[PDB]
Amino acid sequence: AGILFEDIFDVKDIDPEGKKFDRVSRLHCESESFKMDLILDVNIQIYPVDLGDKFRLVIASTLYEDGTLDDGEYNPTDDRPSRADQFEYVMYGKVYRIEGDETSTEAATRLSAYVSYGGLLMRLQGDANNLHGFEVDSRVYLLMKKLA
Amino acid sequence: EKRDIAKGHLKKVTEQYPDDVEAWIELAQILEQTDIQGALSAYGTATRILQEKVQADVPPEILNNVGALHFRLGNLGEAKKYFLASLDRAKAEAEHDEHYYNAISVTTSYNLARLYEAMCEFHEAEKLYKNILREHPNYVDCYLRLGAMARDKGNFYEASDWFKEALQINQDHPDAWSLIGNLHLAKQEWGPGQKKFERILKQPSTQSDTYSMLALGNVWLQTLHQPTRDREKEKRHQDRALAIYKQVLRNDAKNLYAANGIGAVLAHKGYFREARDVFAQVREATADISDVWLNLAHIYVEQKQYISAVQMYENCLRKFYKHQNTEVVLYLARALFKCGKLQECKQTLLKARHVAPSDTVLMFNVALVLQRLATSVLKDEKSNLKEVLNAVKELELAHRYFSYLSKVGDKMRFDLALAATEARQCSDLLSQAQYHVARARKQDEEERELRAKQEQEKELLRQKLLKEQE
Amino acid sequence: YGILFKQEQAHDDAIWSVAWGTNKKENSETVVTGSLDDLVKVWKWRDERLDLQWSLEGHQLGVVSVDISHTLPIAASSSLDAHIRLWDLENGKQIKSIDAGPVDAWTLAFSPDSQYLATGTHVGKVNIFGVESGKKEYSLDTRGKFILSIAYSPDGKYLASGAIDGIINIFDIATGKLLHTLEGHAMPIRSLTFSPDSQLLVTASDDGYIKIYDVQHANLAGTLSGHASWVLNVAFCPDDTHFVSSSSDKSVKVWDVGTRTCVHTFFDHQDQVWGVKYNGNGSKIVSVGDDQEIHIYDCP
Amino acid sequence: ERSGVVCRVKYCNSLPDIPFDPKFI
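Calculation notes
- Residues numbered from 1 in each chain as written, not as in the entry; some residues may be left out.
- Chains lettered and ligands numbered in written order.
- Part of a larger assembly, values for the part shown.
- Heavy atoms only, no water.
- Residues with missing side-chain atoms left out of burial classes, pairs and counts.
- UniProt positions renumbered as here; feature names shortened; annotations may be inferred.
- Helix = DSSP H or I, 4+ residues; strand = E, 2+ residues; numbered from the N terminus.
- Rg over C-alpha atoms; globule rule 2.2 N^0.38 Å.
- Contact = heavy atoms within 4.5 Å.
- Areas by Shrake-Rupley, 256 points an atom, 1.4 Å probe, with all protein chains shown as cover.
- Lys, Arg positive; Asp, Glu negative; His and termini not counted.
- Charge placed at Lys NZ, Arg CZ, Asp CG, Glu CD.
- Pairing = 2+ DSSP bridges.
- Axes fitted to C-alpha atoms, helices over the stretch in contact; angles between N-to-C directions.
- Polar contact = N/O pair within 3.5 Å; in protein donor to acceptor, adjacent residues only side chain to side chain.
- Expected span 1.5 Å × (residues − 1).
- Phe/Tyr/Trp six-rings, centres within 6.5 Å; stacked < 30°, edge-to-face > 60°.
- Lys NZ or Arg CZ within 6 Å of the ring centre and 35° of its normal.
- Salt bridge = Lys/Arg side-chain N within 4 Å of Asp/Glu carboxyl O.

Deposited coordinates in this entry are attributed by the record to cryo-EM, at a stated resolution of 2.9 Å.

As recorded by the PDB entry, chain C carries the name WD repeat-containing protein 61 and is attributed to Homo sapiens. The record deposited in the PDB is entitled "Pol II-CSB-CSA-DDB1-UVSSA-PAF-SPT6 (Structure 3)". We quote the UniProt Subunit (literature references left out) comment for chain C here in full: "Component of the PAF1 complex, which consists of CDC73, PAF1, LEO1, CTR9, RTF1 and SKIC8. The PAF1 complex interacts with PHF5A (By similarity). Within the PAF1 complex interacts directly with PHF5A (By similarity). Component of the SKI complex which consists of SKIC2, SKIC3 and SKIC8." Entered under Sequence similarities in the UniProt record, the comment concerning chain C runs "Belongs to the SKI8 family."

Under the PDB entry, chain A has the name DNA-directed RNA polymerases I, II, and III subunit RPABC3 and belongs to Sus scrofa. According to its UniProt record, chain A has this under Subcellular location (unreviewed entry): "Nucleus".

Printed below as a string of structure tokens:
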């Protein structure tokens, strides 16, 4: 499939530290199916998000419905079936950090994957079982859709 | 067409005050379908507004309804206080049999008994209910909530008989009539008999009854997972349930239990890639359906996506229903093959066994998982002393259950003489264990010799210490 | 009225059974715990603070019952292992392992004189064991489906049994015969407690109904509604004035014996409580659960 | 091992009961 992670999140706070940027807003959200915290930077100018909203987030390694790698190059004249068709807000970034609660001897029970979508930062932290698809310096997509 | 304009007029007057008195009353009077907190706020200043023009006590219909709001909120205690002071204010309506404060007290007491059920104060709930029924026996909802209370105790109580006499007082009553067959859901051997007891009010005055016809679909789906599908019988049953689901599809696009039924029957048709999508729809529609949590994880383990499945299993365990639900840990331990999928799988089986030691299948499955972990530690292992010492005891226990279940006759409609090949296995596992325990003594003696080897060299480094000292 | 001691992460895994000794055989000074982690942790409640005295192992499956002798400073443990291990507490050493083979074993009970050892069985029999012998002396055979809960009369003259679907069976332990077969429950009974005078009897089913029965004529003294979840364990306040209720909803209601009133409720375990016992007078109240954290409730 | 764990796997479907909301005069 090419999907590293999928869950439904609920916006629990927007800009706790205050609005830092005008067109960008930080959402602190939590899901229900996996109990994962999410910090996400979104361009609220084009995709406004209100407190208490509920959305489906899908971290993917590729947009093509069939398992097929991406070249990281912009190809607007691409007629393949892309899973971005099923979502409203889509970003493209790279994983730049994976933290955990590991010790010198024990493995990590909880992980924390950090992604940067051209400067818009995301932190998806929760159980390490749900974050095996994430590897540092790896390109991913956001694929986020609002639901009622 | 009358309600959105009502909203607009209500927020045309809420900010205003042309001596607004009831403006909050007809605010909240539509807000009870909507957000309840808006109704709370309307009642809040409505409580005040009856005090300044004259210090007039709030009529108990308001106070009963705000307690009714808090019933679906967490404010259960002051909801009870609202019902108490409601009954007092109705008593303060000493002469108002025109307004029928007595009838208002009747429904208020009904609400308060329903509240005592939320306190699980079923004793006082019984008291209020029998007080109303001894004074208004024509009422039905009290007559069956009592029945529902004994249903919590069990089916063939006066639960079932209050339910049947609720039909005797009112055979036109679809709620109670549905609850009749709801009793019969407990007796699934009364599966094909439920056509008749869910046909009685398939009179078209009651039709359309989405609830009952989905109940027909559900009693028709429990027929499935049988070895007669190849005989086209469950294929016809699948398509018949599909026909019911198409019917409820056309008459309601926005039912969700329907779509759960369609996805379930097509998943029984083996289309599991074609199932997670349709269940995804009801997933955003409302997460608070216990069924869809299970049915999604069945797909996940069908792709062997355990690390997506068992978490959502215990998410289904986040309801305040039952500390060891049995079928959920059954549906958890399916192709669980990794380490925590083995030993913590055993711990889950122990949790289930603790409240369910009666099950033959569960004691078989613990024997199975003990067998798996025993063969995980004796074959390419070359492993610890203590764990292979535990291995022989645990496989001995497994052989005890192999023997014990095989003596029992009744199984899960599939006889478990399969323990016999496990018995030949565990015998050759005895031979393998006698092989590897010698290897355990070998690794013990070599660790003894290497610790002697470090003893001598550390004696030598004390000797160098002595040379530097001299 | 509150909590005095809370014991953070007292076990690796969920506790199923509790044993707090009542006498002055250094057992008021200690606590015995029985858990899923196969650890029988002997918790010395000394200097009004809870210290680990021993940690006992070998019960290869999770412990279903622990108990402390009235007339002796020893203890006994059962599990799904069907190896009812007998434990000496002054040293933290096992006295014996009573193999109740092959599987036919359930929760145990020290006799009031601590001579006989009753247990439940899959067949419905109630097997009685010699504390000195480790042998099934005789089985109290009363047919049914499965035996879940048992309690001795502390004055040593009756036995009562709670089965897998609400069967209450009254025995004369002086003769080991069935007196009454009471059927006030339909749903599984996990605990039942003889009164300190053995005049009353408590039932704890999946219905939240504490149906209290008289003993001397074996009739219903009254049904008491409880929690929303399944009530699991019960102990009498030993002065015969209260009784405590462990449920399946992180909540422990404390009840008056006569007025049928929740005189107090604790909520302190964030997980489902499993086992309860009072003080020697009933002031301290011990309490276990799946939080693996043991809460000690002073209740004057 | 040779085969997986046995189950009577069913895609069951439950029903909510009658709500009985407290009434609104």
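Peer 1: Even after reading the chapter, I still don't get the overall build of chain A, so can you show me in this structure?
Peer 2: The secondary structure content of chain A amounts to zero helices and nine strands. Across chain A, helices and strands are ordered from the amino to the carboxyl terminus as β-β-β-β-β-β-β-β-β. A compact globule built from 148 residues would reach a C-alpha radius of gyration of about 15 Å, and chain A, at 15 Å, matches this within 12%. Over its C-alpha atoms, taken along the principal directions, chain A stretches across nearly 50 × 35 × 25 Å. Long-range contacts, defined here as pairs at least 24 residues apart, represent 59% of the contacts in chain A between residues at least 6 apart. Carbon and sulfur atoms make up 49% of the accessible area of chain A, which totals about 8200 Å². With 17 positive and 29 negative side-chain charges, chain A shows a separation of 4 Å between the mean positions of the two kinds.

Peer 1: Any chance you could explain the pairing of strand β21 (residues 220-225) of chain C here in plain terms?
Peer 2: Residue and element names in this part refer to chain C. Note: strand β20 (residues 209-214) against β21, five bridges, orientation antiparallel. When the bridges of β21 are listed, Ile212 appears paired with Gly222. Taken together, β20 and the strand that follows it, β21, pair antiparallel across an intervening segment of five residues, in which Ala218 is found at a positive phi of about 60 degrees.

Peer 1: What is the right way to look at the sheet that holds strand β12 (residues 125-130) of chain C in this model?
Peer 2: Residue and element names in this part refer to chain C. Ordered by their spatial adjacency, four strands build an open sheet running β10-β11-β12-β13, and the pairing between neighbours is antiparallel. In this open sheet, the two strands that pair with only one neighbour each are β10 (108-110) and β13 (136-141). Pairwise comparison of adjacent strand axes, ignoring direction, gives a mean angle of 25 degrees for this sheet. Summarising the sheet, β12 and β13 pair through five bridges and their orientation is antiparallel. Note on β13: the bridge partner recorded for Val126 is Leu140.

Peer 1: Would you mind showing me how to read unusual backbone geometry here?
Peer 2: Residues and elements named next belong to chain B. With an omega dihedral of 20 degrees, the bond running from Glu381 to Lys382 counts as a cis peptide bond. Here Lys382 is to be found in the loop between α20 (360-375) and α21 (385-407). Even without being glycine, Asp19 reaches a positive phi, approximately 50 degrees. Residue position: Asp19 is located in the loop between α1 (4-13) and α2 (23-31). Even without being a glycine, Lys382 presents a positive backbone phi close to 50 degrees.

Peer 1: Help me understand the side chain of A:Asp10 in this model?
Peer 2: All names here are of chain A. Its location among the elements puts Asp10 in strand β1 (residues 3-14). Polar side-chain contacts of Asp10 include one of 3.1 Å to the side chain of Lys54. Contacts of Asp10, omitting those with residues within four sequence positions, involve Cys29, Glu30, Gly52, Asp53 and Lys54.

Peer 1: Could you clarify how one ought to interpret the arrangement of the chains in this entry?
Peer 2: Between all three pairs of chains that are in contact, chains A and B come out with the most contacts. Where chain A comes nearest to chain D, the C-alpha atoms are still 19 Å apart, and the two do not contact one another.

Peer 1: What's the story with the sheet that holds strand β7 (residues 74-79) of chain C in this structure? I'm lost.
Peer 2: Pairing between the strands of a sheet comes from backbone hydrogen bonds, and it takes one of two forms, parallel or antiparallel. All names here are of chain C. Taken in spatial order, the four strands line up as β6-β7-β8-β9 in an open sheet, and their pairing is antiparallel. Edge strands, defined here as strands with exactly one partner in the open sheet, are β6 (63-68) and β9 (93-99). Across the sheet, the axes of successive neighbouring strands diverge by a mean angle of 20 degrees, strand direction being ignored. Relative to strand β8 (residues 83-88), β7 runs antiparallel, the two being bridged by four bridges. Looking at the pairing, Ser77 lines up with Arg85 of β8.

Peer 1: Please clarify how helix α16 (residues 290-302) of chain B should be interpreted in this entry.
Peer 2: In an α-helix, one turn spans 3.6 residues; hence positions three or four apart end up facing the same way. Look at α16(B): 19 Å from first C-alpha to last across 13 residues, which is about the 18 Å you get at 1.5 Å a residue. In the segment just after α16(B), B:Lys304 is the residue with positive phi, at about 60 degrees.

Peer 1: Explain the pairing of strand β18 (residues 191-194) of chain C to me, please; I cannot follow it from the model alone.
Peer 2: Note on strand geometry: in a regular strand, side chains alternate between the two faces of the sheet. Residues and elements named next belong to chain C. Examined bridge by bridge, β18 and strand β19 (residues 200-204) share four bridges and lie antiparallel to one another. Residue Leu192 lies in a different strand from β19, and its bridge partner there is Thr203. The loop that links β18 with its antiparallel partner β19 comprises five residues; one of these, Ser198, has a positive phi angle of about 60 degrees.

Peer 1: Please explain the packing of aromatic side chains as it appears in this structure.
Peer 2: Working definition: an aromatic ring pair is given by the centre-to-centre distance plus the angle between the planes. Residue and element names in this part refer to chain A. Consider the rings of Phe5 and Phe34, whose centres lie 6.2 Å apart with planes at 40 degrees: the pair is tilted. Of this pair, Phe5 sits in strand β1 while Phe34 sits in the loop between β2 (24-31) and β3 (37-43), placing them 29 residues apart in sequence. Taking the centre distance of 4.7 Å and the plane angle of 45 degrees together, the rings of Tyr92 and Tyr141 count as tilted. Placement of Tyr92 in strand β5 (residues 92-100) and of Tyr141 in strand β8 (residues 139-141) is noted, with a sequence separation of 49 residues between them. One aromatic cluster in this structure is built from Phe5, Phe9, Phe34 and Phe55. Here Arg80 stacks its cationic end above the ring of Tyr64, 5.2 Å away from the centre of that ring. Between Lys146 and the ring centre of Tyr47, over which it is positioned, the NZ or CZ distance is 5.0 Å.

Peer 1: Where do I start with the environment of A:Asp71 in this structure?
Peer 2: All names here are of chain A. Tracing the backbone through its elements, the reader meets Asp71 in the loop between β4 (54-60) and β5. Each C-alpha atom, one on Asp71 and one on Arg139, is 9.8 Å from the other, the two residues being 68 residues apart in sequence. Side-chain polar atoms of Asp71 contact the backbone nitrogen of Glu73, separated by 2.9 Å.

Peer 1: How do you make sense of the pattern of salt bridges when you look at a structure like this?
Peer 2: Pairing between side chains becomes possible if they bear opposite charge and their charged atoms approach one another. Residues and elements named next belong to chain A. For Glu6, the salt bridge goes to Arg56, with nearest N and O atoms at 2.5 Å. Here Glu6, found in strand β1, pairs with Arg56, found in strand β4; they are 50 residues apart in sequence, far enough to count as distant. With a shortest N-O distance of 2.9 Å, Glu99 and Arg97 are connected by a salt bridge.

Peer 1: Honestly, the environment of A:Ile3 in this entry has me stumped. Any pointers?
Peer 2: Residue and element names in this part refer to chain A. For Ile3, the position within the fold is in strand β1. In this structure, the C-alpha to C-alpha distance between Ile3 and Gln45, residues 42 residues apart in sequence, is 27 Å. Once you skip the residues sitting within four places of it in the chain, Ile3 turns out to touch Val58, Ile59, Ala60 and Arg83.

Peer 1: How do you make sense of the environment of C:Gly226 when you look at a structure like this?
Peer 2: Take C:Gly226: it is sitting in the loop between β21 and β22 (231-236). Sequence separation of C:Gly226 and C:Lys24 is 202 residues, and the distance between their C-alpha atoms is 33 Å. In this view, C:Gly226 contacts B:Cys120 and C:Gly208; residues no more than four positions away in its chain are not counted.

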